[PDB]
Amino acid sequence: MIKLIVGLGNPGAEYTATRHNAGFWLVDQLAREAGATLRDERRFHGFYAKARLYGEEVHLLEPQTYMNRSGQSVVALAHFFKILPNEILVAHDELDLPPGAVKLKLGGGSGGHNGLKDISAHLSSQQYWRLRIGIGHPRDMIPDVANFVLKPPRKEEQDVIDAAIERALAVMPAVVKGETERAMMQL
C-alpha cells in the first residue's frame, strides 16, 4: 500500500513544460483531483502535501532539488514518516517507452535516469515502485538524451502523453490499496 507518491522534475518556470517534468505533471493533476495544495516544505526540500486519496493518507512530493539531487528530498520525507521503499511510487519520464505508454513496475534499475539514480542511492534501495511515463527516445525519429529531455514533447506526443497520465490517475485507487495486478491490467 503506497504511502508516498513522488513526481520528478526540475524547479522553476523554465522547466515546467519539459519532458523531464512528466512526473510533476502527474502529481500536479493528482493533487488537484484530491483537493490537496502543494506547499514548499523546507524539511523535505520540495513541494509537499498530505493528501486523502481513496480513503488513505498519502504524501505527495515534488522535489525542488534539481533532478540529479531528488534523492535528498525523497529520503528526508521517507525517514521522517518511516516510509519503506516498497511503500513509495515514483512518477517519471521514461525514454524507453513511446509517448502514450505508461507502465507500473517495482524496481528495475535507473535506465540512465539521473533522478532515479539519486533516489536509489539515498534510499540504499532500488525497490520502490515506478510509474513510467513514456516520452520516447531521440533515436526514434531518425531514419543527446540530456538535451532531448529538456525540450517539451512535440504537440502530437503531448496529446498521447496527457491521455496516458489520465489512465495512470485512473489506476491510483488500485495502487494506493496495494492492488498491483488490478493496476497493471487497467494500465
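The first residue of the shown sequence is 1; numbering continues from there.
The modelled chain breaks between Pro143 and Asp144, where 4 to 9 residues of the deposited sequence lack coordinates. Stretches 108-116 and 94-102 differ in mean C-alpha B factor, with the higher average recorded for 108-116. For the pair 176-184 and 1-9, the record assigns the higher mean C-alpha temperature factor to 176-184.
Residue set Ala36, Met67, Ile161, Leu150: peak C-alpha B-factor at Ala36 (per PDB entry). Within the group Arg43, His59, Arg154, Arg130, the record's highest C-alpha temperature factor is found at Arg43. Per the deposited record, the Cα B-factor of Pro138 falls in the highest third when ranked against the other modelled residues of its chain. Annotation for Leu26: CA B-factor lies in the lowest third of the chain's modelled residues.
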